[PDB]
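S.K.: one piece of my complex first, more on the way:
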Amino acid sequence: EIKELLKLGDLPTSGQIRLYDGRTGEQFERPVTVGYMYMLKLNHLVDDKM
Amino acid sequence: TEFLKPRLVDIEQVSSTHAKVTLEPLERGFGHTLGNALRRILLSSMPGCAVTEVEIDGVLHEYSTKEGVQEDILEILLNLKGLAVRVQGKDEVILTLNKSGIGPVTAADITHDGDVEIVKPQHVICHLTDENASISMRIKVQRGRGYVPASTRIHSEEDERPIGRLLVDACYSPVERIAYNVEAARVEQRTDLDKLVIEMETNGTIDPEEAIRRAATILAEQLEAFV
Amino acid sequence: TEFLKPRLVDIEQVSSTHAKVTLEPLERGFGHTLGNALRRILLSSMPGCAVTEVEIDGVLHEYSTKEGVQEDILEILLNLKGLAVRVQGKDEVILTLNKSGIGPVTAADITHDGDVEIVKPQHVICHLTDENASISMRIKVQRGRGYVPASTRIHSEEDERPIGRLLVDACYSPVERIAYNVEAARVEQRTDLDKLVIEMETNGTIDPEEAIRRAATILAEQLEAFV
Amino acid sequence: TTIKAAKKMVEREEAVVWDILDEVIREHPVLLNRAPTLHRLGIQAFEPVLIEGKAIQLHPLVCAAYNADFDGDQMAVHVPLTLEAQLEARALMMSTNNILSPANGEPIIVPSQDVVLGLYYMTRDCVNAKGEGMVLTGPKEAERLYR
C-alpha cells in the first residue's frame, strides 16, 4: 500500500533518493534511504548524568 | 591561460521571501567550487535583524500567564522569536506594542517608527478574548549574526538584569532555505560553459540582492591573507 | 560586527616535493568552505608545464617496442608523462632528444634550447643495452591546466593525425597530490574553533609557498564581480 | 598570593585559568574505567585533551577491548597522582601496550564495524566502472583520479 501512495506525492518507490554533501557540495555516489520518524527525548539527559 | 570572470544576468523576484539568481559565465569545474562555498556562508553566517529582549507589565516570569489571552508567555516569546524585522540606521532598537480588544494581535499593531519597517503585517503574535483587558510591552530588536541564545547571555555579564526583562533566544540568521543548480551555459561564443543559479528562501529582513554580494565579500575577506 | 581573519603560522618543509601548511584561526564552519575550495583550484587550475605529444622513428604504435631497449613504449610514454619542464615565452614547444650507446637516458640528453629549462637533469626516461643502436624523437611540451588526457583529445575533434604521433595523457597540474585536515584550535572564549592544515605533494616546478597564495588569488579573482 | 585568592579566580571563570589547564593536561594522563571490569583491559589509560560539553569522548576501536558500546553507557574517570602513578599509568595501563590481548595471541583492538565497510567498498574488485586501460605514475596519480 505504501508503494502505491508514493506515486501520489511522487517520491521514488525505492525510498532511496539523491542527496548532496555539505562540507564539499559534492555528490553522494549512491541513493540513500531517508524519511520521517518519531523519536524520543526520554528522561536522563546529560545534565542530570554528569 | 586567461581566466573568465562571471557576473550577474538577472534577478527573478517571486516573493518577498523567495528568489532565484542566475549567474554566467563560469569556466569548467567552478560551478561546484563557489555555489557550495557561497551556500556555506549564506546559512552559517549573514546579518539579519531579529528579536532579543522583551518586558511586559503584570508579568514576573515566562512560565506564568496573563488573563484574557489564549496563548502562553513562552508561546508569545516563541511567536516573537520567529519575527521579521528591518533596521536602517542604528544597531539596537526599542519597540512599543499596544493593542486591546477582541481578536488576534498582528505586528501592524506596533507603532510605525521611522527606521522601523516590518515585512509581515499579518503575522501571528498573540490572541485576546475578553474585551476589558489589553497588553502593553517594550520589545527590543537587534542586528547580529548566527545564533547567540539567551543561555550564553546569562554568563558573559555581571551588572545584573531586572525582574520582568525576559529573554528570547536570538534568530539573527535570516535565510531558511538555499540550494544551487548547475546548468549548461549557452554563450554565443563558447558552448563548453556552465551557469550558476542559486535558489533561496528567507524572511525578507535582508534583500535577496545584498545577501549574495555581502556573503562573497565575507568569502573574499577570508582570502585576503593569500594574495 | 567584525569577523575573524585567518593567517599563516608556519610552513613545514619536508622535501622539495612535499610540504604541510598550518593555518589559524578560522571561525566555525569555514575549514570546510575554503580547504575544499582551495584544493579544487590547486588540482584543476594551476598552470604547470607538461608533456603531451611524441613522435619516434621506427615505431608505429605504442603497444610495440624498439630493439636495444629494456623498457617498453608505454613505459617511456609513462616516464615522459611524469616529467618536469619549464617555459619562458611561447605556449607550445617542440623538443628533440638524441642519445646513443650504453647506460640510461636522462633528460640532460635533450638539446638545451633558450626558453627550455629542465628541473631534474638526472630523471629516468629510457634505458639502452646494445651499443649499435640509438633513439631519435620529437617531443612536444605545452602549458595548460588541470587534466585533459589523450581520450578527450580523440573525441569531439575532426583534425586527423598522422601515424607515429603517439599520445600521452597530460599532467598539466604540477601538483600530484593534495588533501586538507580539520583540527581544533582553542581560543579563551569559544571552543568550537578550528585550524586548517593543507598537505601537498608536487614536482617542485612551483614552490609550496607561492602555490597557495597564487590559487587563493585565482579564487578571489573570480569573486570580484560580487563585492 | 594564596590558595584562597585562587579560589575566587577559579570560580569567577577567569580566562587565565584555562590557559594553565592546557599545560597541566599536557603531559598528565588519565585512567578510564567501564564496569564490569571482567578482566584488566576494562581499565586503560588515555592521554586526554580538552573538549567542552558535559559528555566524554573516546576511540571506536578500543570499543571492543572495553566491554563497551555507544548507546546508553557511562565511564568513571580517575586521575593518577604521584609521578609514579602517572608514569606507570603510561608504562602499563596505557592503551599502547594493549594491542595484543592477554588471554590469547590475537590483537583485541581490531577494525570494528564501519571502518571496515569503507575498505571493502574501496578495495572491492571489478571489471567496469568509469573508464579503463590506465597505468598511473605511482600511488600519487591515483588520488588525483578520484577526489
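M.R.: Sure, I can see it. Residues are numbered from 1 along each chain as shown, chains lettered A, B, ... in the order given.
S.K.: pick out the residue nearest the middle of chain D.
M.R.: residue D:59 (3.8 Å; C-alpha atoms, centre = their mean).
S.K.: tell me the contacts of it?
M.R.: By C-beta atoms under 8 Å, 6 or more residues apart in numbering or on different chains, the residues touching residue D:59 are D:46, D:95. To be clear about C-beta, it is placed using only N, CA and C from the backbone, and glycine gets the same treatment.
S.K.: repeat that for the one 4 residues further on.
M.R.: With contacts taken as C-beta under 8 Å, 6+ apart, residue D:63 has the following neighbours: D:69-70, D:112.
S.K.: break chain B into its domains for me.
M.R.: Recorded structural domains for chain B (assignment: CATH domains of a matching chain) are B:1-47+B:173-227, B:48-172.
S.K.: tell me how far the first one lies from the chain's centre.
M.R.: Yep, that's domain B:1-47+B:173-227 we're talking about. 19 Å (C-alpha atoms, centre = their mean, to the nearest Å).
S.K.: how close does the residue of chain A found nearest chain C sit to residue D:69?
M.R.: With C-beta to the nearest C-beta as the measure, residue A:23 is the residue of chain A nearest to chain C, at 4.0 Å. According to C-beta to C-beta, to the nearest Å, residue A:23 stands 28 Å off from residue D:69.
S.K.: what helix or strand does whatever residue of chain B ends up closest to chain A sit in?
M.R.: Nearest residue of chain B to chain A: residue B:36, at 2.4 Å (C-beta to the nearest C-beta). Per DSSP states H and E: residue B:36 is located in helix B:31-44.
S.K.: residue boundaries of the helices in chain A?
M.R.: A:2-9 (DSSP state H).
S.K.: for residue D:28, which residues are in contact?
M.R.: With contacts defined as C-beta under 8 Å, 6+ apart, the neighbours of residue D:28 are residue D:86.
S.K.: brain fart, residue B:19
M.R.: By C-beta under 8 Å, 6+ apart, residue B:19 lies in contact with B:11-13, B:200, B:208.
S.K.: which one is it nearest to, not counting chain neighbours?
M.R.: Closest residue to residue B:19 apart from its sequence neighbours, by C-beta to C-beta, 6 or more residues apart in numbering or on different chains: residue B:208 at 3.7 Å.
S.K.: residues contacting the one you found?
M.R.: By C-beta under 8 Å, 6+ apart, the contact set of residue B:208 is B:11, B:13, B:19, B:21, B:200, B:202.
S.K.: hang on, the earlier thing: after the helix holding residue B:36, which helix or strand is next?
M.R.: Sequence-wise, the next helix or strand downstream of helix B:31-44 (DSSP H and E) is strand B:49-56.
S.K.: put this one in as chain E:
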Amino acid sequence: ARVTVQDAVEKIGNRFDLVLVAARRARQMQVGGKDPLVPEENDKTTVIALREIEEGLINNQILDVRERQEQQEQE
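M.R.: Same chains as before, plus chain E:
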C-alpha cells in the same frame, strides 16, 4: 614521550624498572632544581625522566653510581 614508549623500555630492559628508574629520575628533577639535559621541549618533569632514556642516557647503573658523587661534594 607522549605517543609510544617502546625505545626507552628495552634500554633498561622491562616496563617495571622503567618506573623506578624514571620515578627516581622524575623525583630528582622536581625538588632541588637539577639539570635539564636533552632540550626541555616545554614538556614537564614527567616525560623528562623517560626522555633521557630515549637518547642513550638515564639508567639504574647511572642513578646508584652518581648518588655517590653528591656524597663526595659536600665535604
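S.K.: repeat for the contacts of residue D:28, accounting for chain E.
M.R.: Listed by C-beta under 8 Å, 6+ apart, the contact set of residue D:28 reads D:86, E:44, E:46.
S.K.: just to revisit the earlier point, quick one: list the elements packing against the helix holding residue B:36.
M.R.: On a contact count with 3 or more C-beta pairs under 8 Å, 6 or more residues apart in numbering or on different chains; DSSP states H and E, helix B:31-44 meets strand B:177-178, strand B:181-184, strand B:194-201, helix B:208-223, helix C:31-44, helix C:208-223.
S.K.: stretch E:31-51 near chain C anywhere?
M.R.: No - with C-beta under 8 Å from any C-beta of the partner chain as the criterion, chain C is not reached by stretch E:31-51; the gap is at least 15.9 Å.
S.K.: what's in contact with that stretch?
M.R.: Counting by C-beta under 8 Å, 6+ apart, D:23, D:26-28, D:83, D:86-87, E:1-2, E:5, E:8, E:18, E:21-26, E:28-30, E:52, E:54-55, E:57-58 sit against stretch E:31-51.
S.K.: can you tell me which of the residues you listed are buried?
M.R.: Among those, those classed as buried by 16 or more other C-beta atoms under 10 Å in any protein chain shown are D:27-28, D:83, D:86-87, E:1, E:5, E:8, E:18, E:21-26, E:28-29, E:52, E:54, E:58.
S.K.: near chain A, which residues of chain D?
M.R.: Selection of chain D residues close to chain A by C-beta under 8 Å from any C-beta yields D:53-55, D:74.
S.K.: do chain B as well
M.R.: Residues of chain B lying near chain A by C-beta under 8 Å from any C-beta: B:32, B:35-37, B:39-40, B:180.
S.K.: how about 7 Å then?
M.R.: With C-beta under 7 Å from any C-beta of the partner chain as the criterion, chain B comes near chain A at residues B:32, B:35-36, B:39.
S.K.: let me know the closest of these to residue C:82.
M.R.: Residue C:82 lies nearest to residue B:32 out of the residues of chain B next to chain A, by C-beta to C-beta, at 27.4 Å.
S.K.: so that closest one sits against residue A:27, correct?
M.R.: No - Residue B:32 lies out of contact with residue A:27 (C-beta atoms under 7 Å); the separation is 9.4 Å.
S.K.: so residue E:11, which state does it fall into?
M.R.: At residue E:11, secondary structure determined by DSSP: H, G, I helix; E, B strand; the rest coil is helix.
S.K.: for burial, what's the neighbour tally of it?
M.R.: 17 (other C-beta atoms under 10 Å in any protein chain shown).
S.K.: residue B:10 too?
M.R.: 8.
S.K.: for it, what are its contacts?
M.R.: Contacts for residue B:10 (C-beta atoms under 7 Å, 6 or more residues apart in numbering or on different chains) come out as residue B:22.
S.K.: please slot DNA strand F in as well:
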DNA sequence: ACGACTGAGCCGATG
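M.R.: Placed with the earlier chains, DNA strand F looks like this:
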C-alpha cells in the same frame, strides 16, 4: 550439605 554481579540514579522510612 552449601552458595547467591559489577557499576549509581531517584524516592521513601525508622533505629
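S.K.: again for the contacts of residue D:63, since DNA strand F is there now?
M.R.: Applying C-beta under 7 Å, 6+ apart, we find residue D:63 in contact with D:69, D:112.
S.K.: from residue C:59, how far out is it?
M.R.: Relative to residue C:59, residue D:63 is positioned 58 Å away (C-beta to C-beta).
S.K.: in the helix holding residue B:36, what counts as buried?
M.R.: By 16+ other C-beta under 10 Å, the buried positions in helix B:31-44 come out as B:31-44.
S.K.: among the residues you listed, which two are most distant?
M.R.: B:31 and B:44 (20.4 Å).
S.K.: got a list of contacts for the helix holding residue B:36?
M.R.: In contact with helix B:31-44 (C-beta under 7 Å, 6+ apart) are residues A:24-26, B:175, B:178, B:180, B:182, B:194, B:196, B:198, B:211, B:215-216, B:218-219, C:29, C:32-33, C:37, C:40, C:222.
S.K.: and that helix with helix C:31-44, angle?
M.R.: Angle of helix B:31-44 versus helix C:31-44, following axes from the mean of the first three to the mean of the last three C-alpha atoms, to 10 degrees, is 170 degrees.
S.K.: just the strands in the chain please.
M.R.: Going with chain A. In chain A, the segments counted as strands under DSSP state E are A:16-17, A:32-33.
S.K.: ah, I was thinking of chain D
M.R.: Here chain D has its strands, by DSSP E, at D:31-33, D:43-45.
S.K.: for those, which one sits closest to residue C:122?
M.R.: When the strands of chain D are compared by C-beta to C-beta, strand D:43-45 sits nearest residue C:122, at 49.9 Å.
S.K.: near chain E, anything from the closest one?
M.R.: No - counting by C-beta under 7 Å from any C-beta, chain E has no neighbours in strand D:43-45; the shortest distance is 12.1 Å.
S.K.: find the residue at the geometric middle of chain B.
M.R.: For chain B, residue B:174 is the residue whose C-alpha lies nearest the centre (C-alpha atoms, centre = their mean; 2.4 Å).
S.K.: contacts only, for it.
M.R.: B:46, B:48, B:202-203, B:205-206.
S.K.: one more time with 8 Å
M.R.: By C-beta under 8 Å, 6+ apart, residue B:174 lies in contact with B:46, B:48-50, B:202-203, B:205-206.
S.K.: can you tell me the closest non-neighbouring residue to it?
M.R.: Nearest one to residue B:174, counting by C-beta to C-beta, 6+ apart, is residue B:48 at 3.0 Å.
S.K.: can you count the residues close to the one you found?
M.R.: Residue crowding around residue B:48 was assessed by other C-beta under 10 Å; the count is 22.
S.K.: next one: the one 3 residues further on
M.R.: A count of nearby residues for residue B:51, using other C-beta under 10 Å, gives 23.
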